[PDB]
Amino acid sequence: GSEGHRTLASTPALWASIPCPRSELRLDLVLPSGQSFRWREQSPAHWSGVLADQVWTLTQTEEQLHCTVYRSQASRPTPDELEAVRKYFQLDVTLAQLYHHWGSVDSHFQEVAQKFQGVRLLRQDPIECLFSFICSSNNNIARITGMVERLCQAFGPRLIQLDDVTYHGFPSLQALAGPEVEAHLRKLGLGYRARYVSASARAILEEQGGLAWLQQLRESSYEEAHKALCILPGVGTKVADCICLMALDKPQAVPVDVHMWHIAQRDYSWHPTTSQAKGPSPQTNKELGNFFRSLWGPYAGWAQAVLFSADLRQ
C-alpha cells in the first residue's frame, strides 16, 4: 500500500495533475529515447526517476500528466513542485505549433510526425547532461543507462528507496573529480570513458573556473557554448551538441550520430557537398548539422529528437 512504487490507481490521493494532452507529451517516447538515462517504467505506463533532487513517478491519461513525489508525511506534490515538472518538460513550448511548422517545410517530417506525436525536449541539469553524454559515445542507450545508474549509485547522494530500488541524485563535480574515481568507474564497466569522466571533472573544477563556467554557457551563444565544451576530454562534436540542445537551451543544436546519418541518407537522399569525404568525419558531420538546421529552423534540435525517437522504434 504505502510501500513500493506508487501507481495512479493504488494511492489516488497521492497524485496531482498537470493539464497536458498526449499530443503535447508522450512519456513512452521521451523518457527512454536517449535524452535522459534516469527514468524507468517500474510499473506499466508509470515512469520513476529523479527530478530536481527528488524522486517522482509520472503517468498520463489522454488529457492529463499525473505526478507523485517521494520526499515527512506522504502528501500531494505542491503547486511549486509541479512547476518543477512543467519546467523539466518545458511545457510552455507548444509542441503542436512546432510540429505544424516542421511538417509545413518538410513533407517527410509531416509523414513521420503523424505517428510520433508528443516528442519534446527535456530541460536538463548541465552537470548530469554533461557526464551522461560523455558516457554515450560509441555506445548504446541500454548500456549507457546502466553505466549512468552505477555511476550515480557509487558517487551520488542517496535519496529514497522504493521496493529494492535506491535512488541517487547525480554526482557533484567534486565527487567525480575525487581520487581514484577513474579506477572505480572502470570496475563499474564504463570502459575508457572512465578516464573521460574523471579528466573532465578535474578540468572543469581546476582549469575552467568550476560549475560557474558551465552554467554560464546557458547565456552564451550556441557557437560559443559548443566551442567551450569541446575543450573537455571525451567531449567531441556530438556530445557538445547534446549538451547545448538538452541542457543549455540551444534549440538549434543538432547532435550528429549514426542515426541522423542513416536518416539523412535514407529519408532525404543527403550527401556531403562542401566536403570531399563521402562518410562521417568532422567536416561532413558539421555539414549535416547545418543541413538539418536549414531544413527545420531555430528548433532543429527539437525536430531531430522526433525523427531520432521514431528511428529508434525499429
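Each residue number is its position in the shown sequence, starting from 1. Heads up, when I say rigid core I mean the largest set of C-alphas that superpose within 1.5 Å between the two forms.
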- [ ] Figure out for me whether 230-238 or 138-146 is the more displaced stretch in 4 other deposited structures of this protein, taking RMS C-alpha distance from the shown form once the rigid core is superposed.
- [x] 138-146
- [ ] Any chance you could tell me whether 200-208 or 98-106 drifts more in 4 other deposited structures of this protein, judged by RMS CA distance from this form after superposing on the core?
- [x] 200-208
- [ ] Going by the record, give me the number of deposited-sequence residues missing between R71 and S72 as none, 1 to 3, 4 to 9, or 10 or more.
- [x] 1 to 3
TODO: Look over 178-186 and 162-170 in the entry and identify the one with the greater average Cα temperature factor.
DONE: 178-186
TODO: Averaging the C-alpha B factors as listed in the entry, name the stretch that ends up higher: 127-135 or 203-211.
DONE: 203-211
Open item on the list: Using only the C-alpha B-factors in the record, can you name which of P157, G118, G146, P233 has the highest?
Closed with: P233
Open item on the list: Can you tell me which of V197, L82, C242, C152 has the maximum CA B-factor listed in the PDB entry?
Closed with: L82
Task: Cα B factor band for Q97 (lowest, middle or highest third within the chain) - done: lowest
TODO: Using the B-factor values recorded in the entry, state whether the Cα atom of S36 falls in the lowest, middle or highest third among the modelled residues of its chain.
DONE: lowest
Task: Ranked against its chain, the third holding the CA B-factor of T11 - done: highest
Task: Chain-wide C-alpha B factor ranking for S294, given as lowest, middle or highest third - done: middle
Task: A45 - which third its CA temperature factor falls in, relative to the rest of the chain - done: middle
